[PDB]
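Protein chains in written order, with the authors' numbering: chain C, 225 to 335; chain S, 1 to 335; chain U, 57 to 112; chain R, 1 to 335; chain Z, 1 to 111; chain F, 1 to 111; chain H, 1 to 111.
In this text, a Cβ means the ideal position worked out from N, Cα and C, and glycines have one as well.
Working notes for the structure below.
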Amino acid sequence: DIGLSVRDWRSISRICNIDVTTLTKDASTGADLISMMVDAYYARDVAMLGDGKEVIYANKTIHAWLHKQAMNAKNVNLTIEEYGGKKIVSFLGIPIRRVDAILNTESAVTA
Amino acid sequence: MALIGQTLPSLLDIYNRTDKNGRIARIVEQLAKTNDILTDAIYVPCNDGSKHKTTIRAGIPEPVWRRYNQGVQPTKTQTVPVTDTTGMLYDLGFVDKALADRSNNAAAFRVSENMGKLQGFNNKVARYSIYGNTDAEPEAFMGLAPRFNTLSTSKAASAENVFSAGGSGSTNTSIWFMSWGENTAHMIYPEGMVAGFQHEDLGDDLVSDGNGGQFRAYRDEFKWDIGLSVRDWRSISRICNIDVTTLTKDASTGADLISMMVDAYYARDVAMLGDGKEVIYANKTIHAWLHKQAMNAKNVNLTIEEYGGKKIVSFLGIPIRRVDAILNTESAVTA
Amino acid sequence: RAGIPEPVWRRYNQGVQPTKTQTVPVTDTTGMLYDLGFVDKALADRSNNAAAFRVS
Amino acid sequence: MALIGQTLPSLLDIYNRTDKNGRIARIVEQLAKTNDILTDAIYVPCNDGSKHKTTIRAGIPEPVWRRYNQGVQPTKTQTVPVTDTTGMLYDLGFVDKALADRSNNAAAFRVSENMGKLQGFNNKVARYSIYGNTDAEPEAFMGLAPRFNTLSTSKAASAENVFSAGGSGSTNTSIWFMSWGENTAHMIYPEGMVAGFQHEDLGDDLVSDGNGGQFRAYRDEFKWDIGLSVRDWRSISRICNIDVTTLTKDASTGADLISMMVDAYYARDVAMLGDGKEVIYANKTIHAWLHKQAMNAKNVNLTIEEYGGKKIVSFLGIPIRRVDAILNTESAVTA
Amino acid sequence: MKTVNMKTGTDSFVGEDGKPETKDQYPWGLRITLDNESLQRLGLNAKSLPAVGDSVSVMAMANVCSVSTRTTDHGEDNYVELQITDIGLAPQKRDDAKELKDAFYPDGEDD
Amino acid sequence: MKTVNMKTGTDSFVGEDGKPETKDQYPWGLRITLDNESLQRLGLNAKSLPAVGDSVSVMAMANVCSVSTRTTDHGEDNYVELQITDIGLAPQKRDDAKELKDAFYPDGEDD
Amino acid sequence: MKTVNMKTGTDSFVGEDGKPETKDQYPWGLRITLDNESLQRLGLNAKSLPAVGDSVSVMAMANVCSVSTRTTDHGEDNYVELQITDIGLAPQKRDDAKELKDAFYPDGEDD
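Here it is, written out as structure tokens:
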């Protein structure tokens, strides 16, 4: 038996998207990419101090999608020789985990 | 039938804070919605009993070219006093000795009260640290407002931006940064909050006037006195910036940008050397936005593995902290 | 916690009204799940060693 | 008679308290010309700081016979909580701190006022131990009102009389049978009159003011808080009756019977097996009349009681006490 | 119990409601757990019903309401989600009665 | 949570009586303290209102009240005093939908 | 700063006197040193003037005075020796302007 706990809400941070096709245009390009991740990160902390750690979730597919899209943004990026980037498992450098989220929530952000 | 907007803790509070499975307090404790701010300042007591005088000067003119014999005349440098005022502010809470004991033990109750009162207090003090000054006193800041010079001193300390509108005050926020050591003055007692005291007596009840009263209670209060200094008009920086149209357009683009971030920094030194520390202030939103936009500079960066740039706390370096400004004010900049 | 206003400045006497702080609970429930398992006590020993079976 | 209601014990007390030419102030002590009644009873603390939330049982069938090896079918039991809460009352006392000193002593005013005002307080608590429901709260007892069942459960406490005059401003009374063990609940914060406490020191204040800020005084406050309970209902039994007319008709003969008293000792009994105290309640005018109709002829008061010590009560052999349940109510609770 | 909030009486006369007067029960909150109350003594004739509403400081928005008929002494129960203002009660209606309304807060019950 | 009693579908169908269903809430007791529940979601058309009732296993006395408007997701709250049998819900009335669910007590909260 | 002495409002209607208000200001003393103050918000047009006075309770002697034209926020300074009462200020005269009024006591200048 289980039941989640809000306790205090501000730790949560959610994102609607995409649908993988907008992330195809950013395959390496920089128009609508995923960098709004940064936004989400800077939307939490008060504090609200605690509780010890954090973690970010992926659905597989979007994980690797994020990798391939990230290694080639028109901006910073050094990567000597060679690619495709030491895994990812960072940013910043809070570990990411993978979940079994459904691949279709339709829009359902605002009906 | 009840008539009034409830001063004092009606039972609704004691039943929301409540106690179930016992107990004493709320699982340390209750949390959430109040924003956070810095300052976190430096404090000083000021001669004399108020004010603080100091002087500065208003121009030092002027020598003239001697033509071998005649023109000289005595010359005279002048000055002027300055320093300003301040004021106190405080609240106080009341309970009913009975209700706070039903259920038992008020200690946790009152502790909750003082912590909450504290967070709201700091919220208000930062809220008025930046605005105000045209009402029943304490205190003054905004007095950099006018856009161009000659009508005031403004100018160099304002750095400024463009855009907004002359007939629509929506919206565009603003950024500040200045140095501490241009202190905050307080009258001769400790610094902030200090409360920190205890009383248990009798009402104090029914108003106007109020056909009686009389009941016992358990109460106290929290006072605070402060007053910033100017000490010098300089080592301060203002901006006008976006608005959200261009603020969104600036993802990596360059029409209405963040460039002023450097100008303001370079608008300082005479000197006027003083004294030890400096710090940049943001209003959140612009914080994260500045991070996200600064990552994509076609020039100095290239990082390693990997992004996204480990916050901002540098530049250059002069550490920056975050406060709570607001997203809507008024124009008044460069010209 | 629900709201936290507000202080007001004193004018060396003018103090008048006290203020307070309020809150509100929220919460929600939980839930449980469980089916059950069965074997045929005889077949668990045919062939022998049922512990590995029930481990699978 | 007109101006106010004599707010403050002024001089008249100090010359009537008194010393009368002692010796020590307050010649120990004074007597109270007020009726008294037995409370008595017992106190318990209750969960959870209010109400008490009870139990009962209500319907628990049924065991079956074992024919063959058949023991088919289970069964279970239900329940339902009940009880009520309490209600607070407290009053404050004032004198002039400068005038407690002829001769110098506090024990006079403090202890005397504590004891006497205790007597008055108790007078009121007994005043409302028998009434109160739709008012400014505490507490409840009239909840035996309906005269037939199904609108509630009457019967077991509804032995009734045959007339009960209720024309105009009248009347009737009742007699009672109860048990205790069904406690009075007080919130976990103690039951005694306490007060007991003197948050005194200073004063603060007069009738605002009268433009005059008052002066030192002596304050005290009293505080009392109780609340009856009915751990069960199958215990109490009352009767409406009569009034004084039809009972005057009996020197000892027939107009209104005295038999139903036995009903009161018989409609009760249910466990209770044990148990503790138990008691019977009459007022005063009903008492001596009961004797007049009982000892003149037929019935026989079986015994007398040298009880506890204390004194005499008689019959049977359960102690009977005296109450201030007065001589005039209404009909309603008739049956 | 208790002062702030409601007190009797109004007193619910012939032909009017009793939305008056409480200003204000405050304007920020929500409500879902504990109890309330309402009852009074002598009536006169026939059908009466209370109600509640709320908004920001004045009027007027959603409601909850209830229905009862003629009797002396009663009481129902609590409330579901609301913003905050609670102008209640708002009693009604017809016949000819001129006495006493109610008040709210803890039990109550019977013995 | 839980069985004992009721379940969806009830289901009011097109636009019906709402007496459903059977087994069981039993007829002897009294209640004044704790909680209840009622809610749903997928609807289509028009005006609704539920009710309760009781007596001796069949007919025909007592109610409380309730009323809802057009949405897809709702819920109010509890009862107070009852005889004891508690038939109901008794929803109604006009237009149709179908599949309009319900499901009637107890425990259960939100947020 | 401060209660005792006076506060705004007074105030200023389309036409006003000015002799009001607020005693206590007290009837005994002399003075030779420090400060006073007076300002407020939104003027309208032209003619205005404060003043002072002194006696015991009423009438009718002495002055110090001042004069200003329309602006938003102003001030002069401190008083001189006095009989002792200072009914002051004693504003005047025309304009319209409902604008609140003024006060006095320690200052408190511009930056």
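Please report the Cβ distance between residue i and residue j, rounded to the nearest whole angstrom; I am assuming they are in contact, meaning their Cβ atoms lie under 8 Å.
{"i": "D95 of chain F", "j": "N45 of chain F", "result": "4 Å"}
{"i": "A51 of chain H", "j": "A90 of chain H", "result": "4 Å"}
{"i": "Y105 of chain H", "j": "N36 of chain H", "result": "7 Å"}
{"i": "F141 of chain S", "j": "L228 of chain S", "result": "7 Å"}
{"i": "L327 of chain R", "j": "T173 of chain R", "result": "6 Å"}
{"i": "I320 of chain S", "j": "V313 of chain S", "result": "6 Å"}
{"i": "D324 of chain S", "j": "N35 of chain S", "result": "5 Å"}
{"i": "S252 of chain S", "j": "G254 of chain C", "result": "7 Å"}
{"i": "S103 of chain R", "j": "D40 of chain R", "result": "With a Cβ gap of about 38 Å, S103 of chain R and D40 of chain R do not count as contacting."}
{"i": "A25 of chain R", "j": "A108 of chain R", "result": "4 Å"}
{"i": "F148 of chain S", "j": "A2 of chain S", "result": "Wrong, their Cβ atoms sit about 56 Å apart, outside the cutoff."}
{"i": "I37 of chain R", "j": "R322 of chain R", "result": "6 Å"}
Check the Cβ-Cβ distances between residue i and every residue of chain Z, and say whether any is below 7 Å.
{"i": "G59 of chain U", "result": "yes"}
{"i": "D35 of chain F", "result": "no"}
{"i": "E182 of chain R", "result": "no"}
Taking 7 Å as the threshold (beta carbon to beta carbon), is residue i in contact with chain H?
{"i": "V230 of chain S", "result": "yes"}
{"i": "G143 of chain S", "result": "yes"}
{"i": "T85 of chain S", "result": "yes"}
For residue i, would you say it is in contact with chain F, using Cβ-to-Cβ distances shorter than 7 Å as the test?
{"i": "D91 of chain U", "result": "no"}
If you measure between the beta carbons of residue i and residue j, is that distance less than 7 Å?
{"i": "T8 of chain H", "j": "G43 of chain H", "result": "no"}
{"i": "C46 of chain S", "j": "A264 of chain S", "result": "no"}
{"i": "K101 of chain H", "j": "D24 of chain H", "result": "no"}
{"i": "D243 of chain R", "j": "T329 of chain R", "result": "no"}
{"i": "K223 of chain R", "j": "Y90 of chain R", "result": "yes"}
{"i": "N161 of chain R", "j": "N241 of chain R", "result": "yes"}
{"i": "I32 of chain H", "j": "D54 of chain H", "result": "no"}
{"i": "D107 of chain F", "j": "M6 of chain F", "result": "no"}
{"i": "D101 of chain S", "j": "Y15 of chain R", "result": "no"}
{"i": "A156 of chain R", "j": "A271 of chain R", "result": "no"}
{"i": "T69 of chain Z", "j": "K47 of chain Z", "result": "yes"}
{"i": "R231 of chain S", "j": "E191 of chain S", "result": "no"}
{"i": "residue 347 of chain S", "j": "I60 of chain S", "result": "Because residue 347 of chain S is not part of the residues shown, which for chain S are 1 to 335, the question remains open."}
{"i": "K51 of chain S", "j": "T86 of chain S", "result": "no"}
{"i": "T246 of chain R", "j": "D256 of chain R", "result": "yes"}
Say whether chain U places a C-beta atom closer than 7 Å to the C-beta of residue i.
{"i": "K19 of chain H", "result": "no"}
{"i": "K2 of chain H", "result": "yes"}
Please confirm whether residue i has its beta-carbon closer than 7 Å to some beta-carbon of chain R.
{"i": "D101 of chain S", "result": "yes"}
Consider the Cβ of residue i: report whether some Cβ of chain S lies at a distance smaller than 7 Å.
{"i": "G108 of chain H", "result": "yes"}
{"i": "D111 of chain H", "result": "yes"}
{"i": "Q70 of chain U", "result": "no"}
{"i": "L302 of chain C", "result": "yes"}
{"i": "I188 of chain R", "result": "yes"}
{"i": "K97 of chain U", "result": "no"}
{"i": "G49 of chain R", "result": "yes"}
With a threshold of 7 Å between beta carbons, is residue i in contact with chain C?
{"i": "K249 of chain S", "result": "no"}
Any 3 or more C-beta pairs closer than 8 Å across the stretch 10-18 of chain Z and the stretch 185-204 of chain R: Too few Cβ pairs lie closer than 8 Å, so no.
Ranges of the beta strand (DSSP E) found wholly within the stretch 163-248 of chain S, counting only runs of at least 3: The stretch 163-248 of chain S contains these whole beta strand (DSSP E) runs: 176-178, 184-186, 223-228.
Ranges of the beta strand (DSSP E) found wholly within the stretch 23-68 of chain Z, counting only runs of at least 3: The DSSP assignment places no complete beta strand (DSSP E) segment of no fewer than 3 residues inside the stretch 23-68 of chain Z.
Contact between the stretch 290-308 of chain S and the stretch 235-245 of chain S (3+ Cβ pairs under 8 Å): Counting Cβ pairs under 8 Å, fewer than three are found: no touch.
Stretch pair the stretch 60-75 of chain U + the stretch 124-143 of chain S: three plus CB contacts closer than 8 Å: Taking 8 Å as the limit for Cβ pairs, the verdict is that the stretch 124-143 of chain S does touch the stretch 60-75 of chain U.
contact_flag[the stretch 69-83 of chain U, the stretch 38-45 of chain S] where n(CB pairs < 8 Å) is 3 or more: Counting Cβ pairs under 8 Å, fewer than three are found: no touch.
Length-filtered (3 minimum) beta strand (DSSP E) runs lying within the stretch 247-292 of chain C: Correct list: 280-282.
Completely contained beta strand (DSSP E) runs for the stretch 98-158 of chain R, where each covers 3 or more residues: If we require 3 residues or more, the stretch 98-158 of chain R turns out to have no beta strand (DSSP E) run fully inside it.
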